[PDB]
$ cat final-v6.cif   # mmCIF, C-alpha atoms
data_my_file
#
loop_
_atom_site.group_PDB
_atom_site.id
_atom_site.type_symbol
_atom_site.label_atom_id
_atom_site.label_comp_id
_atom_site.auth_asym_id
_atom_site.auth_seq_id
_atom_site.Cartn_x
_atom_site.Cartn_y
_atom_site.Cartn_z
ATOM 1 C CA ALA A 1 153.944 168.507 146.028
ATOM 2 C CA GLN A 2 152.040 171.775 145.524
ATOM 3 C CA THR A 3 151.873 174.089 142.540
ATOM 4 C CA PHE A 4 149.954 177.372 142.877
ATOM 5 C CA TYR A 5 149.786 178.681 139.379
ATOM 6 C CA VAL A 6 146.875 181.120 139.272
ATOM 7 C CA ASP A 7 145.339 182.096 135.971
ATOM 8 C CA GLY A 8 143.238 185.232 136.459
ATOM 9 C CA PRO B 1 164.180 191.958 151.974
ATOM 10 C CA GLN B 2 165.790 189.171 149.969
ATOM 11 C CA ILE B 3 163.836 185.910 150.075
ATOM 12 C CA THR B 4 165.517 182.714 148.879
ATOM 13 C CA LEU B 5 163.517 179.828 147.462
ATOM 14 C CA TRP B 6 164.761 176.777 149.439
ATOM 15 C CA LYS B 7 161.433 177.055 151.216
ATOM 16 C CA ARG B 8 158.031 178.330 150.135
ATOM 17 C CA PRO B 9 158.440 182.150 150.213
ATOM 18 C CA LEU B 10 155.910 182.860 152.965
ATOM 19 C CA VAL B 11 155.392 186.332 154.426
ATOM 20 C CA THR B 12 153.162 188.074 156.929
ATOM 21 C CA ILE B 13 150.417 190.238 155.494
ATOM 22 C CA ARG B 14 147.899 192.534 157.137
ATOM 23 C CA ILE B 15 144.451 192.409 155.569
ATOM 24 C CA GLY B 16 140.961 193.445 156.732
ATOM 25 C CA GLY B 17 142.503 194.087 160.143
ATOM 26 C CA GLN B 18 143.982 190.576 160.320
ATOM 27 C CA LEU B 19 147.520 189.188 160.385
ATOM 28 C CA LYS B 20 148.091 186.274 157.984
ATOM 29 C CA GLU B 21 150.784 184.217 156.262
ATOM 30 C CA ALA B 22 150.818 184.273 152.478
ATOM 31 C CA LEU B 23 152.837 182.939 149.560
ATOM 32 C CA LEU B 24 154.688 185.299 147.241
ATOM 33 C CA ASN B 25 153.596 183.827 143.960
ATOM 34 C CA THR B 26 155.124 184.956 140.651
ATOM 35 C CA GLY B 27 152.973 182.285 138.970
ATOM 36 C CA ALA B 28 149.720 183.957 139.998
ATOM 37 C CA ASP B 29 148.147 186.844 138.049
ATOM 38 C CA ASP B 30 145.795 187.599 140.945
ATOM 39 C CA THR B 31 145.758 187.485 144.746
ATOM 40 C CA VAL B 32 143.746 184.680 146.338
ATOM 41 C CA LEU B 33 143.096 184.555 150.067
ATOM 42 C CA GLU B 34 141.504 181.761 152.070
ATOM 43 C CA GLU B 35 137.835 182.096 152.996
ATOM 44 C CA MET B 36 137.320 185.252 155.059
ATOM 45 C CA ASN B 37 134.441 187.618 155.681
ATOM 46 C CA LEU B 38 135.654 190.814 154.029
ATOM 47 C CA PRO B 39 133.193 193.673 154.258
ATOM 48 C CA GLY B 40 132.596 195.276 150.875
ATOM 49 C CA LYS B 41 130.876 194.792 147.541
ATOM 50 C CA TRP B 42 132.104 191.888 145.397
ATOM 51 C CA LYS B 43 131.576 190.058 142.123
ATOM 52 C CA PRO B 44 131.916 186.328 141.336
ATOM 53 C CA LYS B 45 134.995 185.084 139.526
ATOM 54 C CA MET B 46 136.409 181.850 138.202
ATOM 55 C CA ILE B 47 140.155 181.349 138.366
ATOM 56 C CA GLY B 48 142.191 178.494 136.975
ATOM 57 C CA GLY B 49 145.146 176.432 137.971
ATOM 58 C CA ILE B 50 146.798 173.059 137.487
ATOM 59 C CA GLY B 51 143.658 171.009 138.077
ATOM 60 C CA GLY B 52 140.748 173.218 137.031
ATOM 61 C CA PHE B 53 138.856 176.243 138.253
ATOM 62 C CA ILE B 54 137.454 177.534 141.473
ATOM 63 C CA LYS B 55 134.857 180.215 142.142
ATOM 64 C CA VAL B 56 136.040 183.138 144.234
ATOM 65 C CA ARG B 57 134.675 186.516 145.321
ATOM 66 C CA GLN B 58 136.438 189.520 143.819
ATOM 67 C CA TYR B 59 136.885 192.572 146.069
ATOM 68 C CA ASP B 60 138.329 195.744 144.532
ATOM 69 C CA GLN B 61 140.326 198.573 146.141
ATOM 70 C CA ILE B 62 141.289 196.498 149.175
ATOM 71 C CA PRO B 63 144.142 197.949 151.232
ATOM 72 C CA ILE B 64 146.756 195.371 152.250
ATOM 73 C CA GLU B 65 150.163 195.353 153.905
ATOM 74 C CA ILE B 66 152.876 192.910 152.878
ATOM 75 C CA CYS B 67 155.812 192.694 155.303
ATOM 76 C CA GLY B 68 155.502 196.388 156.186
ATOM 77 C CA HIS B 69 154.891 197.471 152.596
ATOM 78 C CA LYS B 70 151.486 199.026 151.925
ATOM 79 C CA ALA B 71 149.487 198.286 148.784
ATOM 80 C CA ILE B 72 145.868 198.403 147.644
ATOM 81 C CA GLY B 73 144.027 196.436 144.979
ATOM 82 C CA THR B 74 141.991 193.428 143.994
ATOM 83 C CA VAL B 75 141.809 190.425 146.275
ATOM 84 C CA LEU B 76 139.988 187.193 145.435
ATOM 85 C CA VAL B 77 138.527 185.192 148.319
ATOM 86 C CA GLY B 78 137.780 181.495 147.981
ATOM 87 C CA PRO B 79 138.621 177.911 148.937
ATOM 88 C CA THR B 80 142.385 178.078 148.368
ATOM 89 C CA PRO B 81 144.594 176.014 150.757
ATOM 90 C CA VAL B 82 147.099 178.870 150.770
ATOM 91 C CA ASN B 83 147.052 182.634 150.894
ATOM 92 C CA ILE B 84 148.517 183.690 147.559
ATOM 93 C CA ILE B 85 150.095 187.026 146.774
ATOM 94 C CA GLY B 86 149.826 187.417 142.997
ATOM 95 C CA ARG B 87 151.510 189.848 140.620
ATOM 96 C CA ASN B 88 148.857 192.624 140.895
ATOM 97 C CA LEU B 89 150.152 193.366 144.418
ATOM 98 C CA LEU B 90 153.768 192.121 144.023
ATOM 99 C CA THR B 91 154.370 194.924 141.501
ATOM 100 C CA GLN B 92 152.952 197.429 143.986
ATOM 101 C CA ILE B 93 155.513 196.474 146.643
ATOM 102 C CA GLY B 94 158.464 196.698 144.236
ATOM 103 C CA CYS B 95 159.092 192.940 144.185
ATOM 104 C CA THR B 96 161.391 191.401 141.537
ATOM 105 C CA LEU B 97 162.905 188.055 140.492
ATOM 106 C CA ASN B 98 166.719 188.061 140.486
ATOM 107 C CA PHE B 99 169.175 185.505 139.128
ATOM 108 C CA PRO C 1 168.780 189.266 135.343
ATOM 109 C CA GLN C 2 166.360 191.355 137.366
ATOM 110 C CA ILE C 3 162.789 190.571 136.303
ATOM 111 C CA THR C 4 159.794 192.777 137.105
ATOM 112 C CA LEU C 5 156.260 191.482 137.409
ATOM 113 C CA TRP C 6 154.016 193.832 135.472
ATOM 114 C CA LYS C 7 153.852 190.921 133.056
ATOM 115 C CA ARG C 8 154.021 187.101 133.458
ATOM 116 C CA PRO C 9 157.666 186.047 134.164
ATOM 117 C CA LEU C 10 157.971 183.950 131.017
ATOM 118 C CA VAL C 11 161.253 182.623 129.717
ATOM 119 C CA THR C 12 162.678 180.393 127.079
ATOM 120 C CA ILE C 13 164.010 177.032 128.256
ATOM 121 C CA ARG C 14 165.864 174.257 126.428
ATOM 122 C CA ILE C 15 164.818 170.765 127.474
ATOM 123 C CA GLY C 16 165.474 167.537 125.545
ATOM 124 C CA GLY C 17 166.967 169.523 122.645
ATOM 125 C CA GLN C 18 163.756 171.552 122.354
ATOM 126 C CA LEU C 19 162.997 175.227 123.105
ATOM 127 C CA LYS C 20 159.855 176.136 125.013
ATOM 128 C CA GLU C 21 158.414 179.052 126.973
ATOM 129 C CA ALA C 22 157.919 178.641 130.726
ATOM 130 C CA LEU C 23 156.683 180.661 133.686
ATOM 131 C CA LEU C 24 159.011 181.395 136.605
ATOM 132 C CA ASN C 25 156.779 180.301 139.406
ATOM 133 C CA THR C 26 157.811 180.927 143.016
ATOM 134 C CA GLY C 27 154.422 179.495 144.089
ATOM 135 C CA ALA C 28 155.257 175.998 142.811
ATOM 136 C CA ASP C 29 157.402 173.509 144.743
ATOM 137 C CA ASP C 30 157.923 171.603 141.505
ATOM 138 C CA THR C 31 158.512 171.992 137.804
ATOM 139 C CA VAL C 32 155.626 170.802 135.617
ATOM 140 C CA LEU C 33 155.761 170.916 131.803
ATOM 141 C CA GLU C 34 153.045 170.517 129.199
ATOM 142 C CA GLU C 35 152.716 167.118 127.542
ATOM 143 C CA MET C 36 155.877 166.297 125.526
ATOM 144 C CA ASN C 37 158.301 163.402 125.005
ATOM 145 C CA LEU C 38 161.303 163.143 127.303
ATOM 146 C CA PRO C 39 163.932 160.384 127.236
ATOM 147 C CA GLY C 40 164.616 158.256 130.317
ATOM 148 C CA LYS C 41 162.584 156.327 132.829
ATOM 149 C CA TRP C 42 159.556 158.009 134.397
ATOM 150 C CA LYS C 43 157.436 157.279 137.446
ATOM 151 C CA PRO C 44 153.693 158.068 137.638
ATOM 152 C CA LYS C 45 152.845 160.748 140.193
ATOM 153 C CA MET C 46 150.115 163.116 141.271
ATOM 154 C CA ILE C 47 150.415 166.781 142.201
ATOM 155 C CA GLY C 48 147.847 169.407 143.180
ATOM 156 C CA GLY C 49 147.243 173.134 142.878
ATOM 157 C CA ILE C 50 144.252 175.440 142.529
ATOM 158 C CA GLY C 51 141.382 173.456 141.027
ATOM 159 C CA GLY C 52 142.757 170.213 142.426
ATOM 160 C CA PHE C 53 145.052 167.287 141.664
ATOM 161 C CA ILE C 54 146.524 165.996 138.369
ATOM 162 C CA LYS C 55 148.390 162.885 137.183
ATOM 163 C CA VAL C 56 151.926 163.462 135.882
ATOM 164 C CA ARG C 57 155.061 161.692 134.638
ATOM 165 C CA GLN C 58 158.092 162.206 136.901
ATOM 166 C CA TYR C 59 161.539 162.422 135.265
ATOM 167 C CA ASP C 60 164.459 162.717 137.687
ATOM 168 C CA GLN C 61 167.859 164.268 136.901
ATOM 169 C CA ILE C 62 166.800 165.947 133.644
ATOM 170 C CA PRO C 63 169.100 168.710 132.415
ATOM 171 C CA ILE C 64 167.341 171.937 131.445
ATOM 172 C CA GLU C 65 168.632 175.351 130.459
ATOM 173 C CA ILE C 66 166.755 178.378 131.766
ATOM 174 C CA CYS C 67 167.628 181.801 130.351
ATOM 175 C CA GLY C 68 171.185 180.521 129.810
ATOM 176 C CA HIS C 69 171.367 178.969 133.290
ATOM 177 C CA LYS C 70 171.986 175.270 133.759
ATOM 178 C CA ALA C 71 169.800 173.114 135.997
ATOM 179 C CA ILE C 72 169.471 169.347 136.384
ATOM 180 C CA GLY C 73 166.537 168.190 138.476
ATOM 181 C CA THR C 74 163.158 166.531 138.648
ATOM 182 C CA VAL C 75 160.788 167.593 135.856
ATOM 183 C CA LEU C 76 157.071 166.707 135.727
ATOM 184 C CA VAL C 77 155.072 166.292 132.497
ATOM 185 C CA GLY C 78 151.260 166.479 132.281
ATOM 186 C CA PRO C 79 148.067 168.497 131.601
ATOM 187 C CA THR C 80 149.290 171.750 133.207
ATOM 188 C CA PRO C 81 147.828 174.824 131.464
ATOM 189 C CA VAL C 82 151.315 176.445 131.270
ATOM 190 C CA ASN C 83 154.959 175.281 131.496
ATOM 191 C CA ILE C 84 155.995 175.949 135.065
ATOM 192 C CA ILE C 85 159.453 176.283 136.559
ATOM 193 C CA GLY C 86 159.144 175.640 140.302
ATOM 194 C CA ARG C 87 161.516 176.197 143.219
ATOM 195 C CA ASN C 88 163.327 172.892 142.763
ATOM 196 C CA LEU C 89 165.002 174.421 139.668
ATOM 197 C CA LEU C 90 164.748 178.120 140.612
ATOM 198 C CA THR C 91 167.078 177.452 143.540
ATOM 199 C CA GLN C 92 169.550 175.844 141.158
ATOM 200 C CA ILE C 93 169.901 178.946 138.973
ATOM 201 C CA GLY C 94 170.167 181.145 142.088
ATOM 202 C CA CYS C 95 166.759 182.772 141.904
ATOM 203 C CA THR C 96 165.583 185.037 144.747
ATOM 204 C CA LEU C 97 162.646 187.339 145.455
ATOM 205 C CA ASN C 98 163.655 190.907 146.188
ATOM 206 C CA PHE C 99 161.864 194.043 147.368
#

$ encode --input "final-v6.cif" --output "C-alpha cells"
Amino acid sequence: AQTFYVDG
Amino acid sequence: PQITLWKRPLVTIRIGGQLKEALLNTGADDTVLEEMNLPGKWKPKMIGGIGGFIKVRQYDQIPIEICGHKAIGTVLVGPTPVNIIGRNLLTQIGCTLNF
Amino acid sequence: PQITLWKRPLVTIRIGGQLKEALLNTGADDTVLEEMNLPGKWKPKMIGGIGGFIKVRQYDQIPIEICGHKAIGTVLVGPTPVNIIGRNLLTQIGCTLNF
C-alpha cells in the first residue's frame, strides 16, 4: 500500500 | 465538509489556473504537487518520507483553492505520485481531525 | 477529540504493552511503526511512499490503543522515520477530516 508521510 | 477515511481523502483543488485531485494529508508538513510548470521564482528543497528524499521546487505565496476554500502559501513541486495537501494549507482552510 | 493541525498530530499509543508516540496520518493507507519487537507471526512485505519503497514486517490482528481508543488491525514494522497511524486504524477509532 501507500504511505505519504512528508517531512518538510 | 466531513470526510471519512474508508477511502483516501481526495479533494478537488484549483491551482495555477488548473483543476486537480489531491490528498488531504495530516502526515505531511508541506504541500507537494506533481510536476507542473508554475510561473514564479523558486528555490530547491529536499523532503523526506518513508523511503528517502526527493528534490522539489519550493514556490512561496501561491494562491490555491481547496474544495471552494481559498488559501495561499508554499507549494512544493516534484516527482510525487500524488498531489498532497500538507498541514501548512490544511490549517488555512480550518481543517481538523475528529474522533 | 478535535485536533488542529498547526502542529504534527502526534499521539501516545499502547502497543505490545509499550507506550510510543505516533503521527495521525490521513495520507497513509497503512500503519507503519519504527523497528520494535511484536509477538505473533509476521509476513515480509514492501510498502512505498515519498522517496520510494521499504521492506517491512506485517503483523495482522494486533491490538493497539490510540488516545484511549481501541483498534485491532494490521500493523507494519520497519525503517519508517516516524511511527505512523494510517487509515486502516483511523477508521476503527472513528476518525474523520472536518472543515

$ calpha_fit_and_write --input "final-v6.cif" --fixed "chain B" --moving "chain C" --output "PDB file with C-alpha atoms, keeping the file's coordinate frame"
ATOM      1  CA  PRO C   1     164.281 192.246 151.586  1.00  0.00           C
ATOM      2  CA  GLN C   2     166.077 189.620 149.539  1.00  0.00           C
ATOM      3  CA  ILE C   3     164.254 186.291 149.839  1.00  0.00           C
ATOM      4  CA  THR C   4     165.780 182.934 148.899  1.00  0.00           C
ATOM      5  CA  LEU C   5     163.752 179.946 147.795  1.00  0.00           C
ATOM      6  CA  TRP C   6     165.055 176.930 149.670  1.00  0.00           C
ATOM      7  CA  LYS C   7     161.772 177.262 151.527  1.00  0.00           C
ATOM      8  CA  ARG C   8     158.265 178.504 150.557  1.00  0.00           C
ATOM      9  CA  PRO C   9     158.290 182.357 150.324  1.00  0.00           C
ATOM     10  CA  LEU C  10     155.749 182.826 153.102  1.00  0.00           C
ATOM     11  CA  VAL C  11     155.029 186.159 154.715  1.00  0.00           C
ATOM     12  CA  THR C  12     152.735 187.796 157.168  1.00  0.00           C
ATOM     13  CA  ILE C  13     150.100 190.121 155.715  1.00  0.00           C
ATOM     14  CA  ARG C  14     147.553 192.416 157.367  1.00  0.00           C
ATOM     15  CA  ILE C  15     144.190 192.489 155.615  1.00  0.00           C
ATOM     16  CA  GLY C  16     140.902 193.749 157.088  1.00  0.00           C
ATOM     17  CA  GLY C  17     142.576 194.281 160.479  1.00  0.00           C
ATOM     18  CA  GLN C  18     143.665 190.631 160.538  1.00  0.00           C
ATOM     19  CA  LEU C  19     147.119 189.006 160.263  1.00  0.00           C
ATOM     20  CA  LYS C  20     147.597 185.996 158.017  1.00  0.00           C
ATOM     21  CA  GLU C  21     150.404 184.074 156.330  1.00  0.00           C
ATOM     22  CA  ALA C  22     150.637 184.175 152.531  1.00  0.00           C
ATOM     23  CA  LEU C  23     152.842 182.814 149.763  1.00  0.00           C
ATOM     24  CA  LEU C  24     154.683 185.198 147.439  1.00  0.00           C
ATOM     25  CA  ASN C  25     153.657 183.707 144.160  1.00  0.00           C
ATOM     26  CA  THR C  26     155.217 184.969 140.926  1.00  0.00           C
ATOM     27  CA  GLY C  27     153.247 182.251 139.076  1.00  0.00           C
ATOM     28  CA  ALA C  28     149.876 183.836 139.904  1.00  0.00           C
ATOM     29  CA  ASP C  29     148.416 186.794 137.995  1.00  0.00           C
ATOM     30  CA  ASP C  30     146.091 187.408 140.929  1.00  0.00           C
ATOM     31  CA  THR C  31     145.870 187.409 144.690  1.00  0.00           C
ATOM     32  CA  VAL C  32     143.606 184.705 146.135  1.00  0.00           C
ATOM     33  CA  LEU C  33     142.991 184.333 149.885  1.00  0.00           C
ATOM     34  CA  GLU C  34     141.436 181.526 151.890  1.00  0.00           C
ATOM     35  CA  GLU C  35     137.800 181.926 152.904  1.00  0.00           C
ATOM     36  CA  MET C  36     137.389 184.917 155.272  1.00  0.00           C
ATOM     37  CA  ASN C  37     135.126 187.950 155.731  1.00  0.00           C
ATOM     38  CA  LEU C  38     136.065 191.170 153.967  1.00  0.00           C
ATOM     39  CA  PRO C  39     134.070 194.417 154.041  1.00  0.00           C
ATOM     40  CA  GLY C  40     132.827 196.025 150.823  1.00  0.00           C
ATOM     41  CA  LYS C  41     130.999 194.915 147.727  1.00  0.00           C
ATOM     42  CA  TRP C  42     132.171 191.762 145.954  1.00  0.00           C
ATOM     43  CA  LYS C  43     131.567 190.311 142.511  1.00  0.00           C
ATOM     44  CA  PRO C  44     131.445 186.547 141.812  1.00  0.00           C
ATOM     45  CA  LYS C  45     134.290 185.328 139.609  1.00  0.00           C
ATOM     46  CA  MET C  46     136.089 182.215 138.473  1.00  0.00           C
ATOM     47  CA  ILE C  47     139.826 181.626 138.203  1.00  0.00           C
ATOM     48  CA  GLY C  48     141.890 178.585 137.232  1.00  0.00           C
ATOM     49  CA  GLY C  49     145.222 176.965 138.016  1.00  0.00           C
ATOM     50  CA  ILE C  50     146.616 173.443 138.213  1.00  0.00           C
ATOM     51  CA  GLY C  51     143.737 171.053 138.868  1.00  0.00           C
ATOM     52  CA  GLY C  52     141.269 173.414 137.225  1.00  0.00           C
ATOM     53  CA  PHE C  53     138.897 176.302 137.892  1.00  0.00           C
ATOM     54  CA  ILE C  54     137.376 177.650 141.141  1.00  0.00           C
ATOM     55  CA  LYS C  55     134.640 180.126 142.117  1.00  0.00           C
ATOM     56  CA  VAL C  56     135.790 183.186 144.077  1.00  0.00           C
ATOM     57  CA  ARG C  57     134.624 186.505 145.539  1.00  0.00           C
ATOM     58  CA  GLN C  58     136.297 189.539 143.938  1.00  0.00           C
ATOM     59  CA  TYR C  59     137.015 192.571 146.151  1.00  0.00           C
ATOM     60  CA  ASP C  60     138.485 195.578 144.341  1.00  0.00           C
ATOM     61  CA  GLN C  61     140.628 198.309 145.932  1.00  0.00           C
ATOM     62  CA  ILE C  62     141.320 196.443 149.186  1.00  0.00           C
ATOM     63  CA  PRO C  63     144.259 197.742 151.213  1.00  0.00           C
ATOM     64  CA  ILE C  64     146.703 195.071 152.370  1.00  0.00           C
ATOM     65  CA  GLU C  65     150.063 195.260 154.093  1.00  0.00           C
ATOM     66  CA  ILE C  66     152.741 192.811 152.984  1.00  0.00           C
ATOM     67  CA  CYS C  67     155.923 192.546 155.054  1.00  0.00           C
ATOM     68  CA  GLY C  68     155.464 196.222 155.983  1.00  0.00           C
ATOM     69  CA  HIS C  69     154.725 197.244 152.383  1.00  0.00           C
ATOM     70  CA  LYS C  70     151.455 198.892 151.443  1.00  0.00           C
ATOM     71  CA  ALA C  71     149.321 197.662 148.551  1.00  0.00           C
ATOM     72  CA  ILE C  72     145.740 198.413 147.518  1.00  0.00           C
ATOM     73  CA  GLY C  73     144.343 196.182 144.800  1.00  0.00           C
ATOM     74  CA  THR C  74     141.981 193.424 143.792  1.00  0.00           C
ATOM     75  CA  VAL C  75     141.860 190.530 146.272  1.00  0.00           C
ATOM     76  CA  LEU C  76     140.090 187.204 145.622  1.00  0.00           C
ATOM     77  CA  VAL C  77     138.570 185.009 148.356  1.00  0.00           C
ATOM     78  CA  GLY C  78     137.779 181.292 147.945  1.00  0.00           C
ATOM     79  CA  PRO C  79     138.785 177.614 148.384  1.00  0.00           C
ATOM     80  CA  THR C  80     142.489 178.101 147.549  1.00  0.00           C
ATOM     81  CA  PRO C  81     144.707 175.660 149.484  1.00  0.00           C
ATOM     82  CA  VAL C  82     147.055 178.528 150.525  1.00  0.00           C
ATOM     83  CA  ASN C  83     146.880 182.350 150.742  1.00  0.00           C
ATOM     84  CA  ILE C  84     148.474 183.599 147.554  1.00  0.00           C
ATOM     85  CA  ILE C  85     149.927 186.995 146.745  1.00  0.00           C
ATOM     86  CA  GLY C  86     149.983 187.335 142.950  1.00  0.00           C
ATOM     87  CA  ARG C  87     151.666 189.809 140.607  1.00  0.00           C
ATOM     88  CA  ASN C  88     148.878 192.375 140.832  1.00  0.00           C
ATOM     89  CA  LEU C  89     150.123 193.180 144.371  1.00  0.00           C
ATOM     90  CA  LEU C  90     153.761 192.055 143.999  1.00  0.00           C
ATOM     91  CA  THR C  91     154.273 194.821 141.443  1.00  0.00           C
ATOM     92  CA  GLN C  92     152.875 197.322 143.925  1.00  0.00           C
ATOM     93  CA  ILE C  93     155.473 196.550 146.603  1.00  0.00           C
ATOM     94  CA  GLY C  94     158.243 196.595 143.970  1.00  0.00           C
ATOM     95  CA  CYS C  95     158.923 192.878 143.827  1.00  0.00           C
ATOM     96  CA  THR C  96     161.352 191.494 141.223  1.00  0.00           C
ATOM     97  CA  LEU C  97     162.964 188.155 140.400  1.00  0.00           C
ATOM     98  CA  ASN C  98     166.743 188.245 140.428  1.00  0.00           C
ATOM     99  CA  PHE C  99     169.519 185.833 139.474  1.00  0.00           C
TER     100      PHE C  99
END

$ atom_distance --input "final-v6.cif" --atom1 "atom CA of residue C:22" --atom2 "atom CA of residue C:66"
8.9 Å

$ closest_residue --input "final-v6.cif" --among "B:41, B:70, B:55, B:8" --to "residue B:21" --atoms "all atoms listed in the file"
B:8

$ resolve_selection --input "final-v6.cif" --expression "the PyMOL selection byres ((chain C) within 6 of (chain B))" --output "ChimeraX atom specification"
/C:1-5,25-27,49-54,80,87,91,94-99

$ atom_distance --input "final-v6.cif" --atom1 "atom CA of residue B:59" --atom2 "atom CA of residue B:14"
15.6 Å

$ atom_distance --input "final-v6.cif" --atom1 "atom CA of residue C:71" --atom2 "atom CA of residue C:44"
22.1 Å

$ resolve_selection --input "final-v6.cif" --expression "the PyMOL selection byres ((chain A) within 6 of (chain C))" --output "NGL selection string"
:A and (1-4)

$ resolve_selection --input "final-v6.cif" --expression "the PyMOL selection byres ((chain C and resi 75) around 7)" --output "JSON, numbers by chain"
{"C": [31, 32, 58, 59, 60, 62, 73, 74, 76, 77]}

$ decode --input "final-v6.cif" --residues "stretch 30-48 of chain B" --atoms "N, CA, C and O atoms" --output "short mmCIF file (atom, residue, chain, number, x, y, z; two decimals), in the first residue's frame"
data_model
loop_
_atom_site.label_atom_id
_atom_site.label_comp_id
_atom_site.auth_asym_id
_atom_site.auth_seq_id
_atom_site.Cartn_x
_atom_site.Cartn_y
_atom_site.Cartn_z
N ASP B 30 4.33 19.78 4.62
CA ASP B 30 4.30 20.65 3.46
C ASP B 30 3.34 20.11 2.40
O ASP B 30 2.85 19.00 2.50
N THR B 31 3.12 20.92 1.37
CA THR B 31 2.24 20.59 0.26
C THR B 31 3.07 20.23 -0.98
O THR B 31 3.90 21.02 -1.42
N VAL B 32 2.85 19.05 -1.53
CA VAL B 32 3.68 18.58 -2.64
C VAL B 32 2.79 18.23 -3.81
O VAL B 32 2.00 17.29 -3.74
N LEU B 33 2.94 18.97 -4.90
CA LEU B 33 2.15 18.70 -6.10
C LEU B 33 3.01 18.04 -7.16
O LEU B 33 4.22 18.27 -7.23
N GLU B 34 2.37 17.22 -7.98
CA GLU B 34 3.03 16.57 -9.11
C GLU B 34 3.63 17.60 -10.07
O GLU B 34 3.20 18.76 -10.10
N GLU B 35 4.63 17.17 -10.83
CA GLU B 35 5.32 18.07 -11.75
C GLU B 35 4.35 18.94 -12.53
O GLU B 35 3.40 18.44 -13.16
N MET B 36 4.57 20.26 -12.45
CA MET B 36 3.76 21.24 -13.15
C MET B 36 4.57 22.52 -13.30
O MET B 36 5.44 22.83 -12.49
N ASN B 37 4.28 23.26 -14.36
CA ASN B 37 5.08 24.40 -14.75
C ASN B 37 4.58 25.71 -14.16
O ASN B 37 4.26 26.64 -14.90
N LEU B 38 4.53 25.79 -12.84
CA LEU B 38 4.21 27.03 -12.15
C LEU B 38 5.09 28.19 -12.60
O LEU B 38 6.31 28.06 -12.66
N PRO B 39 4.47 29.33 -12.94
CA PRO B 39 5.28 30.53 -13.11
C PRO B 39 5.63 31.06 -11.72
O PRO B 39 4.84 30.93 -10.79
N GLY B 40 6.81 31.64 -11.59
CA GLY B 40 7.21 32.21 -10.31
C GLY B 40 8.65 31.84 -10.00
O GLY B 40 9.20 30.92 -10.61
N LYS B 41 9.24 32.59 -9.08
CA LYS B 41 10.55 32.27 -8.53
C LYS B 41 10.43 31.04 -7.62
O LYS B 41 9.38 30.80 -7.02
N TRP B 42 11.50 30.26 -7.53
CA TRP B 42 11.52 29.11 -6.64
C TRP B 42 12.92 28.81 -6.10
O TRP B 42 13.92 29.27 -6.67
N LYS B 43 12.98 28.06 -5.00
CA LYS B 43 14.23 27.51 -4.52
C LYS B 43 14.17 25.98 -4.43
O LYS B 43 13.08 25.40 -4.35
N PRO B 44 15.33 25.32 -4.54
CA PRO B 44 15.37 23.86 -4.38
C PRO B 44 15.15 23.40 -2.94
O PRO B 44 15.61 24.04 -1.98
N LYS B 45 14.47 22.27 -2.80
CA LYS B 45 14.27 21.69 -1.48
C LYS B 45 14.38 20.17 -1.53
O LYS B 45 14.13 19.54 -2.56
N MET B 46 14.79 19.60 -0.41
CA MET B 46 14.73 18.16 -0.24
C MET B 46 13.68 17.90 0.82
O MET B 46 13.66 18.56 1.86
N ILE B 47 12.81 16.94 0.55
CA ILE B 47 11.81 16.49 1.50
C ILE B 47 11.84 14.98 1.65
O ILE B 47 12.13 14.24 0.70
N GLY B 48 11.57 14.53 2.87
CA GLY B 48 11.71 13.13 3.20
C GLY B 48 10.38 12.44 3.39
O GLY B 48 9.37 13.06 3.75
#
